[PDB]
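Everything below concerns the one structure shown next.
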Amino acid sequence: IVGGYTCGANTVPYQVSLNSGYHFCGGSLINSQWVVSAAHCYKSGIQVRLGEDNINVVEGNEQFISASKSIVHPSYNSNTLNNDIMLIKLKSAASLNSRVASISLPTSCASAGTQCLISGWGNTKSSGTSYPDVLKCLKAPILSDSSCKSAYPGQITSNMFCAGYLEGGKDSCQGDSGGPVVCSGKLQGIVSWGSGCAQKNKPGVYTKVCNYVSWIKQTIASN
Ligand SMILES: [Ca+2]
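Counting along the sequence shown from 1, when you hit position 35 you're at 35 in PDB author numbering, and nothing is skipped either side.
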């Protein structure tokens, strides 16, 4: 996250770190057994880390649970990042508490102008590289589809939305991928892509979670 703020330990209790020997992606806990992340974060041997603040220090509220199963959206296109969404099942249920908690799926899509909360452990510089150890947060508005499509001509599908700041300076970035965009207490977005981070006229592009609820519910009901 570029140009954000320190969330505060476990103030984002649905935030998870995907770990494959190292943090590589975020995710969102949607119930005690299932995490939503980005399909582009797919890899084998995922360990899900819940209750994280400092990802480099065991602080005492973590739960580390291996993934049993990863399910990439059947129409995920790695070239266009259309349908950049995947589900990860935990080998054992998380214990939900004040520090580890699920985020609601949306019943309806969020409106342009809505301010959302984006979070993760990704790069904090638009040019440099500097990874934080503690969870960073950003408040960012959903942009109109017209401004989104104008920012990324020929590249925005109906399964994507833009959020952020056209002036630049504030954005999600590498290592935030898969993480949550929460608006009005519902998971509306997944950190997906963007051209660099926090660049002028290049806002973040997010998977549009409300298009996937039916798939998520059906998948969870069968796996
Ligand atoms: Ca920790």
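We put the beta carbon where it would ideally sit given N, CA and C, even for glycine.
Residues bridged to residue i (per DSSP)
i	result
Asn19	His23 and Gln47
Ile65	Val48
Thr207	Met160 and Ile190
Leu90	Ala67
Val182	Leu117 and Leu187
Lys170	Answer is none; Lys170 lacks a bridge partner.
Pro141	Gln115
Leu135	None; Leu135 has no bridge partner.
Given residue i as reference, the closest of the options once Cα atoms are compared
i	options	result
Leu81	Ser20, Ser130, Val205 and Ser146	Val205
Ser20	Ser184, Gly27, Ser44 and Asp171	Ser44
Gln115	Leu138, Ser130 and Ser108	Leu138
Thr129	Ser70, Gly26, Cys183 and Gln174	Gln174
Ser150	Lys200, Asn97, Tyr22 and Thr219	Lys200
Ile65	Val209, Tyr76, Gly51 and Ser108	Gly51
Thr107	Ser184, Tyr5 and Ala221	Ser184
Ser146	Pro132, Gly113 and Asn97	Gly113
Proximity below 8 Å, CB of residue i to CB of residue j
i	j	result
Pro180	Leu143	no
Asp176	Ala198	no
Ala67	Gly178	no
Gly120	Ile1	yes
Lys186	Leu135	no
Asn61	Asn10	yes
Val100	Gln155	no
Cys109	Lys208	yes
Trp215	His73	yes
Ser75	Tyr42	no
| Is the segment 152-161 touching the segment 118-135 in the sense that three or more CB pairs, one from each, lie closer than 8 Å? | Result no; under three Cβ-Cβ pairs closer than 8 Å.
| task | Report yes or no: do the segment 191-209 and the segment 5-23 share at least 3 C-beta pairs separated by less than 8 Å? | result | No, the segment 191-209 does not touch the segment 5-23.
| Does the segment 84-92 come close enough to the segment 26-46 that 3 or more CB-CB pairs lie under 8 Å? | In short, these stretches touch, since the Cβ pair count reaches three.
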